[PDB]
Number of protein chains: 4
Amino acid sequence: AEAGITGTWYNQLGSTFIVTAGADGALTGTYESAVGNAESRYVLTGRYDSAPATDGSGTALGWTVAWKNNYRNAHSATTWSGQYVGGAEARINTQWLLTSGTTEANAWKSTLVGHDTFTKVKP
Amino acid sequence: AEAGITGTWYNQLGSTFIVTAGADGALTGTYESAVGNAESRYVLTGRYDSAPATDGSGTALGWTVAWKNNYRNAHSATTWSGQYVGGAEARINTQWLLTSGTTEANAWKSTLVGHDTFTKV
Amino acid sequence: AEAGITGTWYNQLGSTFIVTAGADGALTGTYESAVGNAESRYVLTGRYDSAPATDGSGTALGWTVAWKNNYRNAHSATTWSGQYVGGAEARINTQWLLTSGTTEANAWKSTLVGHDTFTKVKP
Amino acid sequence: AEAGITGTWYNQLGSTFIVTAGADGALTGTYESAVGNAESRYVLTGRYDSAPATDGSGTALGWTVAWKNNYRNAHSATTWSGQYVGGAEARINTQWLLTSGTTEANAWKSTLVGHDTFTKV
Ligand SMILES: O=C1N[C@H]2NC(=O)N[C@H]2N1
Ligand SMILES: O=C1N[C@H]2NC(=O)N[C@H]2N1
Ligand SMILES: O=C1N[C@H]2NC(=O)N[C@H]2N1
Ligand SMILES: O=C1N[C@H]2NC(=O)N[C@H]2N1
């Protein structure tokens with residue numbers, strides 16, 4: 001549902017995710033990370049299932065943040081893949097992949113994987 | 001390098017990725033998978049890091065595809081995270097996460113992980 | 001530390017992990033999963049850093065369970081990679097990969113990824 | 001097929017994996033990586049699923065290597081999860097997780113993920 005996803009969310013590290021879900025399945029917003037070589041806000045773009053199932057299934061969605069803005073350029077990008085589960089305590093549970101740009105030689109260790117849980121605060 | 005991300009790419013499964021990379025870091029285009037609960041094209045959106053480093057590093061990027069279009073709704077979304085490397089033979093090396101929308105009971109097994117390599121051949 | 005890892009542990013799904021850490025960095029035991037095409041106990045084998053660092057760093061370790069025993073054969077195997085963090089509330093935080101045996105054609109979707117947190121109960 | 005997992009395998013990075021597959025599902029041997037904070041051989045232990053299915057499916061298996069030996073202690077461990085496919089050209093296709101022991105502050109970035117393909121060539 002777009003309304004349910006739209007809002008301000010935070011995760012366990014203390015990062016901020018501000019998103020708007022558009023009618024066509026699009027997600028746009030900004031992300032502020034509490035950790036890493038990151039400062040200020042970054043632009044994020046993603047997609048979500050605008051037509052989930054009836055039932056108590058989560059809504060699959062994903063988004064990307066390239067870690068470059070006017071203040072910093074970390075030469076990396078993160079993609080979060082997960083599902084939104086609404087209710088009185090709406091959560092977005094995800095797993096993410098953080099890839100850094102590297103030389104052909106260190107490419108084997110260019111990607112980090114983790115998981116984040118976001119709790120909604122505002123629309 | 002970077003702008004050269006624009007084009008038509010294909011991966012080892014035969015899927016087609018058509019992207020336009022905008023000067024400021026955006027990625028837009030369509031994706032058509034050769035496998036899965038999918039038919040036709042799906043819209044994709046992503047970001048790439050528009051000012052890569054001397055050093056001969058690749059350009060980090062990622063994009064998402066929600067597997068819903070006017071033909072099918074597979075109730076899942078895939079994100080690809082990787083890097084672009086240009087040169088005579090340019091490729092985009094990625095690892096992806098495909099999450100399906102499940103009930104809680106099946107949440108533990110909602111995500112598949114894989115890797116795709118794209119070239120313009 | 002072997003003593004700290006040795007014991008009975010459970011995770012958020014309600015699965016049981018019984019392990020013994022040997023002096024040489026080896027881990028042996030049994031695993032009982034609360035979910036999946038799994039029944040009874042399965043044998044597990046792994047390795048851990050028998051010489052972690054001083055400091056408050058976790059001990060890296062990993063183990064594998066092939067999901068076949070005398071009662072069931074799910075044609076799959078899971079590997080858990082994570083770190084043991086001791087203290088009064090010792091935990092083992094992990095990320096896992098569950099690969100199923102498939103045809104060359106469905107190989108693209110042979111692996112599931114997730115994360116489990118284990119809480120210790122007994123030695 | 002299965003028993004044929006025993007042997008010396010090499011991956012695209014040039015690492016060498018020497019394994020012995022026991023009749024009841026065990027995997028034992030040594031690993032020597034061509035990259036990283038590693039030198040010489042490390043002990044590995046794993047499991048494979050000893051009764052694979054007609055159907056022409058691969059044999060699921062996984063193994064672990066703690067990067068500590070009498071030369072180095074990199075305070076990390078890697079697990080490879082994948083499947084073995086035999087035939088004229090046999091390979092083991094895997095995805096791995098490399099976890100380092102961090103302080104809590106760095107726990108979020110303690111795990112790398114990759115994929116390796118091994119052959120006996
Ligand atoms: O909120 C954050 N989650 C983690 N993933 C990532 O890429 N950077 C970290 N910050
Ligand atoms: O091209 C594809 N890559 C794989 N990942 C995914 O999500 N579907 C498959 N198609
Ligand atoms: O305890 C469990 N964790 C999950 N990972 C896995 O492979 N099966 C599930 N059971
Ligand atoms: O052969 C190797 N594979 C890669 N994964 C890993 O842990 N170290 C590297 N060496």
Side-chain angles (χ1 to χ4, degrees), chain A residues 9-17 31-38 42 62 64-65 67 74 76-81 94-100 111-118, chain B residues 9-17 31-38 42 62 64-65 67 74 76-81 94-100 108-109 111-118, chain C residues 9-17 31-38 42 64-65 67 74 76-80 94-100 106-109 111-118, chain D residues 62 81 108-109:
Chain A
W9 304 74
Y10 30 77
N11 66 19
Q12 78 291 342
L13 297 171
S15 295
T16 306
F17 166 52
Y31 197 100
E32 186 146 26
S33 179
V35 309
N37 181 18
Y42 294 87
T64 307
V65 175
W67 298 105
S76 55
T78 299
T79 45
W80 280 261
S81 187
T94 67
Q95 288 203 270
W96 53 255
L97 294 172
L98 163 58
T99 297
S100 301
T111 313
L112 283 170
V113 56
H115 48 88
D116 293 339
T117 301
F118 296 89
Chain B
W9 303 75
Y10 303 93
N11 62 12
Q12 77 289 342
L13 308 182
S15 299
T16 304
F17 168 45
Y31 198 99
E32 178 168 72
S33 184
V35 306
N37 177 358
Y42 297 81
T64 300
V65 172
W67 303 104
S76 51
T78 301
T79 57
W80 284 259
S81 181
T94 66
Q95 279 277 194
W96 48 263
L97 292 172
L98 165 51
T99 300
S100 301
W108 71 275
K109 64 206 233 197
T111 309
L112 294 168
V113 57
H115 58 82
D116 292 336
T117 294
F118 299 88
Chain C
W9 304 74
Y10 30 77
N11 66 19
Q12 78 291 342
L13 297 171
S15 295
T16 306
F17 166 52
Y31 197 100
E32 186 146 26
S33 179
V35 309
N37 181 18
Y42 294 87
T64 307
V65 175
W67 298 105
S76 55
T78 299
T79 45
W80 280 261
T94 67
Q95 288 203 270
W96 53 255
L97 294 172
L98 163 58
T99 297
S100 301
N106 304 322
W108 65 278
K109 52 177 177 205
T111 313
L112 283 170
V113 56
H115 48 88
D116 293 339
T117 301
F118 296 89
Chain D
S81 181
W108 71 275
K109 64 206 233 197

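No hydrogens, no waters, no symmetry mates; every other heavy atom, side chains included, goes into these values. Below, chain A is the first sequence line, B the second, and so on; all start at residue 1. Order of appearance sets the numbers: ligands from 1, and atoms from 1 within every ligand.
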Whether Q12(B) side chain and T117(B) backbone form a donor-acceptor pair below 3.5 Å | yes
Honestly, for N11(B) the part within reach of ligand 2 (heavy atoms, under 4.0 Å) is side chain
Numbering the atoms of ligand 2 from 1, which are under 4.0 Å from a heavy atom of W96(B)?
-> 4 (C), 5 (N)
Atom 10 (N) of ligand 1 - nearest protein heavy atom and its distance = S33(A) OG, 2.8 Å
When distances are taken from atom 6 (C) of ligand 1, the protein heavy atom at minimum range is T78(A) OG1, 3.8 Å
Establish, from distance only, whether the side-chain atoms of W80(B) and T79(A) form a donor-acceptor pair under 3.5 Å.
-> no
If we only count N/O pairs under 3.5 Å, is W80(C) in contact with ligand 3?
-> no
Heavy-atom gap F17(A) to ligand 1 smaller than 4.0 Å | no
Have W67(A) and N37(A) got a donor and an acceptor in their side chains that come within less than 3.5 Å?
-> no
Do we see a donor-acceptor contact under 3.5 Å between the side chains of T111(A) and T99(A)?
-> yes
protein heavy-atom neighbour closest to atom 3 (N) of ligand 1 works out as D116(A) OD2, 3.0 Å
Say you draw a straight line from OG of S15(C) to CH2 of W108(B); how long is it, rounded to the nearest 0.5 Å?
-> 9.0 Å
To the nearest 0.5 Å, tell me how far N11(C) CG sits from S33(C) OG.
-> 7.5 Å
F118(C) vs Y31(C) aromatic rings, parallel, tilted or perpendicular, using cut-offs 30° and 60°?
-> perpendicular
Okay, side chain of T94(B), backbone of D116(B): is any donor-acceptor separation there less than 3.5 Å?
-> yes
Identity and distance of the protein heavy atom lying nearest atom 8 (N) of ligand 2 = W108(C) CZ3, 3.6 Å
Ligand 3 to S15(C), heavy atom cutoff 4.0 Å, flagged ligand atoms 1 (O), 2 (C), 10 (N)
Honestly, for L112(C) the part within reach of ligand 3 (heavy atoms, under 4.0 Å) is neither
Winner among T79(B), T99(B), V35(B) once heavy atoms are compared against atom 9 (C) of ligand 2 | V35(B)
Numbered atoms of ligand 2 (with element) below 4.0 Å of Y31(B), judged on heavy atoms | 1 (O), 2 (C), 3 (N)
